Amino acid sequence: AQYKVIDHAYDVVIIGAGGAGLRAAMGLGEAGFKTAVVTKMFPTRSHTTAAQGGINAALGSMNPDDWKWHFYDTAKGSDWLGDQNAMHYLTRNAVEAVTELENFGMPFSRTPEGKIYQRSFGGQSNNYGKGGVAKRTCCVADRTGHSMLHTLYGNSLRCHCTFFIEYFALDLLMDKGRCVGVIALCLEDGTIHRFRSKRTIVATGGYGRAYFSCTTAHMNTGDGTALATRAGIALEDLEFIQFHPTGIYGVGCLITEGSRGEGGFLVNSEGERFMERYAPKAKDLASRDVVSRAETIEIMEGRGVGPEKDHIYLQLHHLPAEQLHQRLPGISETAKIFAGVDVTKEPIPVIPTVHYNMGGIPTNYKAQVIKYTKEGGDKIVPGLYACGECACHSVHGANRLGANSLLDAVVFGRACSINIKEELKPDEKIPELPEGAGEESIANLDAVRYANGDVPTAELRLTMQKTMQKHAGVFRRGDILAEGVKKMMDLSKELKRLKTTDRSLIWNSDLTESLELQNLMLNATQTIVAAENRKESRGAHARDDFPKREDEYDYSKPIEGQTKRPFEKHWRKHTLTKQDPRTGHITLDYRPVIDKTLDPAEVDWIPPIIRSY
């Protein structure tokens, strides 16, 4: 049939209003640009609002602390797969970033003295890895992500940036390596929109919904990363899928690490803190990629708990109801609601769940999207930025440190602002749409609308999610993945036997079902192959058949006189998947990890070591 199309012309457009989305939105509005924020739900509904634990920063409102020790842990937890510059950026900016939010009016919990309250979290440690556990996470008791996100939204009105809400971003506006704007659908009345813009930010959160079980939203299908792929951008580190240790057994609701941070621990059928075995130092507060395995083992070996011997207990009843009600209000509730459990009397049934994606769209410390060749390094795609979860600066590398993400969404959002208020020529004007432009995105829609297939939008989604869980799991063997990639590639082929029912333009949910599948095929398929091709065991990634972490050297034994292994023999590299969407065919380059700081004079880089907790 036929469609209504509308044209908008904005300086900058932001795709998504999460934490990262809003922190940008307000930076530009503030310096006076004609922003537009496109999102597919009222901003307060973004997954950021479920965030619980906190945000990391060295204010030391509890005990002296240096932003340097935080940088340490970030690089450590990253299992040296992060870019050390980004990690540098992140960590000096973190004290401002947070306080900025206390000035914007966030009701952070408070120390008696009067300053921000802070709690301890998984992975972190004082004095460059030789002190006690650091208390570096700032938090609104248990509601930290929620409280923050309202605050940003609250302030997002103070600076006039036009919100296009309940709008679905279909694709980017591509002019041979130049991003001019976005195409989008308006749920409320079926009208298609085009957004001429000088600049474009993609900030759309992870793809946690690729799996059967996840701690994420129903809305978290990583359609950002879909846009880069269909714009011909290479995606990176899609094999680094964090599993969060304390998912709630039945549903997949998260129980914040902050509960371990505050004292409560893990227990197996035997009635034993098994973390004393797997992490003699950090105990129940190691990094999550470790802890998640500790559980996945315990279970595999029949020390699991319940009537199914297949999850474990998180125990907190040994703690004062005072501290519990006050430092952990929200979890106390969700415990009671979904598990039917009182944290003062019993333990909670918990089980590692797919949580965060350290993968995403490739960028520098300046948060600008980049293509890459061996031939001439990394060519920046101008007009285009990315931040948050859909981003990959690689401040996380192979394993994300906990409560560094709200951080990296505040900071690299804020970087998106500062680094456009820096290089925008108040001279030259808004990019033009090519003739007949956008027309291919809509074309997809059309056939997806009237799609007379024979497998339903929903049955497909399910099967893929089951097959992702079985294969791209916590522990991955070689012949599993290869058999995975097998099935999976049949599925990214099943998309032409697709059945749909609601033919309507207006609030067609069956149809944003379908687009949101399409956009998760491209995720999952790239996720799984990249996983398969990696023959090492670093962070989120673990192989049954390659237990060792392959670097240039072998940093187990002193360096003196060893021979540097060639770039192709080792695996300290970012995986870069391309896929052509027509075919759905994945081919894999490999970018080098960036190992240098931003100011050698201010801080010294950290050379790879053995990963001990």
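We number the residues from 1 along the sequence you see.
*Asks:* So, looking at the entry's B-factor column for Cα atoms, which has the higher mean, 434 to 442 or 208 to 216?
*Replies:* Per the PDB record, 434 to 442.
*Asks:* Can you let me know which of the two, 19 to 27 or 597 to 605, has the higher average C-alpha B-factor in the entry?
*Replies:* Averaged over C-alpha atoms, the B-factors run higher in 597 to 605.
*Asks:* Quick one: which of 420, 531, 148, 350 has the biggest Cα B-factor according to the entry?
*Replies:* Comparing C-alpha B-factors across 420, 531, 148, 350, the top value belongs to 420.
*Asks:* For the C-alpha B-factor as written in the entry, point me to the maximum among 246, 126, 144, 357.
*Replies:* Comparing C-alpha B-factors across 246, 126, 144, 357, the maximum falls on 126.
*Asks:* In terms of the chain's CA B-factor thirds, is residue 240 lowest, middle or highest?
*Replies:* Bottom third by C-alpha B-factor.
*Asks:* How does the C-alpha B factor of residue 376 compare with the rest of the chain: lowest, middle or highest third?
*Replies:* Tercile = highest for this residue's CA B-factor.
*Asks:* Considering only modelled residues of the same chain, in which third does the CA B-factor of residue 425 rank: lowest, middle or highest?
*Replies:* Highest third.
*Asks:* Determine, from the deposited record, the chain-internal third of the Cα B-factor for residue 577: lowest, middle or highest.
*Replies:* CA B-factor rank for residue 577: highest third.
*Asks:* Lowest, middle or highest third: which one holds residue 555 when the chain's residues are ordered by CA B-factor from the entry?
*Replies:* For residue 555, whose C-alpha B-factor we compare with every modelled residue in the chain, the answer is the highest third.
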